[PDB]
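What follows is calculated from the coordinates using simple rules that are stated; it is not laboratory data. As a convention, Cβ positions derive from the backbone with ideal geometry for all residues, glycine included, and neighbour counts pool all protein chains shown.
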There are 4 protein chains.
Amino acid sequence: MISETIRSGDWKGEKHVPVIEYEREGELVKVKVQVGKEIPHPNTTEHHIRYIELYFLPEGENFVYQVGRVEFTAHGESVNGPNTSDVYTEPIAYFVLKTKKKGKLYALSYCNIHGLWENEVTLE
Amino acid sequence: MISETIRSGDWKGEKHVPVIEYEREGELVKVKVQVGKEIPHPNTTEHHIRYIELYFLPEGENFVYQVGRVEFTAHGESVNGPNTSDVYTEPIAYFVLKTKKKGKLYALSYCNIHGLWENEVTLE
Amino acid sequence: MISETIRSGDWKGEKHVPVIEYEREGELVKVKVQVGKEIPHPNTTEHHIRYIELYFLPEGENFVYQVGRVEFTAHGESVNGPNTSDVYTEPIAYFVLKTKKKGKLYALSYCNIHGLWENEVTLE
Amino acid sequence: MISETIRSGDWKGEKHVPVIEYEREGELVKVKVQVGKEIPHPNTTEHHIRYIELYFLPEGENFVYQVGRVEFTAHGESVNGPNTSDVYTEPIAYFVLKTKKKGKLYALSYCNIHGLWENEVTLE
Ligand SMILES: [Fe+3]
Ligand SMILES: [Fe+3]
Ligand SMILES: [Fe+3]
Ligand SMILES: [Fe+3]
């Protein structure tokens, strides 16, 4: 199963586990997900976080919903060689979710050489 | 764990599990992944397969690689209402992978109302 | 040319043109792109903004770089019918760009029934 | 206009323009899009084709439809260095479109260091 390729862990001391944080404002839920909170993850042409996806499984429901996907596509690559463009997209993803439901939020991130990583938090 | 939202077994009545098939030609591995092979999954504005992702974990290695992602973006929507454009993208994905390695291939797919689905096959 | 399918205009009078705003903080450039600033764009199962992409062409250079892509994937769809999930992803995209270069930022957004839309701003 | 960053003609020496080919079978239109058909475009960790998108504008209509998007995500990167994984995703995209309409098909591709490229063909 695919779960055997997905890693998780303590974000407070790592650099791969996506950290999920949110702030509820009325019917709006602003979610921030990032890799490399405590320890910045490298962002080079050879080693970088490709994307972060956010999912939401409402409490008591059977099917998870993909809320969004953020792809970080600039990693220094240029005609002058790797790490020469001075253009890098940091692995920080923001999602504005409109819902009055509660449940669980899951984040799935992919490092180009270190596989898949996950994390989750309860959405009160 | 996000895996708690991923199903690997179809329920009788609707096909969701992405079926993986491949053909090895020299250094090339042609992979076909599809949802609803014989009995098609619905493809309406309201209910459809959004995408299929292909992953490869080489034998004996520790990090899975994302081979590709195919998004099926047309589902009949139009200014004249849902299911009126006569333009639909079928959930059939093809990937041309160049590798001489062996291992396991995983497929992850998403139904807009039925969550995540997975499958895997051994790449010999 | 694909440009014949891309529309542009005044966001103060329309509701499809992606509005670009940024803030330069040290070596970081925080870019906010959104559709429906003045006039909120519908976000229903039948009619919604699918994604917003950000591009950067550094001053004096020949090749544009894709900075990122944000996909808004929840639009009310559920097993209970269209617009019944109470889960919607608003078309607001945030990008954290690390660069000391100046140039032009382009935004490309896609509405599921109203085609492609663009906008641009000078990154000073 | 973003079109000022999109090229439609290759320069001798490197293939970038996505070549579109299709086959009509009943209500199904099988579309194949590829970069570097005759002369392969590089596919290294430092230089590679990131994705190909397919669009369809039905004859006489005003809004283009995105048919699909294929992301080629493996480019040799590994913990053992750039170009060491022996896993590369070739820039060949296949789309199965269900439609009885005619019109124009557009392809948009992106090289990580050579910007955006386009091409189009009439769907008879
Ligand atoms: Fe890493
Ligand atoms: Fe389904
Ligand atoms: Fe619209
Ligand atoms: Fe190139």
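Below is a table of values for the structure above.
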quantity	calculated
Summed side-chain charge close to B:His16 - residues other than B:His16 whose Cβ falls under 14 Å, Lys, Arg +1, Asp, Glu -1	+1
Using a 7 Å Cα-to-Cβ projection, B:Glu21 label spacings across copies, nm, ascending	2.1, 4.9, 5.2
Of all chain D residues, the one whose C-beta is nearest the axis that brings D onto C, in angstrom	D:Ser3, 2
Inter-copy spacing of C:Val79 label points, which lie 7 Å from Cα along Cα→Cβ, given in nm from shortest upward	3.7, 4.0, 5.4
Three-way shape call for the protein assembly as shown based on the alpha-carbon gyration tensor, with the a/c threshold at 1.5	rounded
Flagged links, alpha-carbon separation over 18 Å, of A:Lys12/A:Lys101; B:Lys104/D:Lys30; B:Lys15/B:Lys98; A:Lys32/C:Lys32; C:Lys30/C:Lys98	A:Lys12/A:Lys101; B:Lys104/D:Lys30; B:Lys15/B:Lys98
C-alpha center-to-center spacing [segment D:28-73, segment A:21-68] in angstrom	28
Shielding by partners, peptide D:50-56 (average Cβ within 10 angstrom, other chains)	4
Calculated label separations, C:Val121, copies of the chain, 7 Å along the beta-carbon direction, nm	2.7, 4.0, 4.8
Peptide-level mean, for C:104-115, of C-beta atoms on other protein chains within 10 Å	5
Dipole magnitude of chain A about its Cα centre (Cβ charges: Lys, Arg +1; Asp, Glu -1), debye to nearest 20	300
Number of partner chain Cβ atoms within 10 Å, mean per residue of B:90-97	6
Under 20 Å from the B:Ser3 label point (7 Å along Cα→beta-carbon), backbone N, segment A:98-124	A:104-111, A:114-122
Unit charges at the beta carbon, dipole of chain A: most positive-side option, A:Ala107, A:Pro18, A:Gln66	A:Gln66
Relative contact order of chain D, defined on C-alpha pairs under 8 angstrom at six or more residues apart (%)	31
Three-way shape call for chain C based on the alpha-carbon gyration tensor, with the a/c threshold at 1.5	prolate
Cβ-placed point charges (K, R +1; D, E -1), dipole of the protein assembly as shown about Cα centre in debye, nearest 20	0
Protection-proxy order for peptides D:107-118, A:17-28, B:74-85, each taking the mean of Cβ atoms within 10 Å per residue, highest first	D:107-118, B:74-85, A:17-28
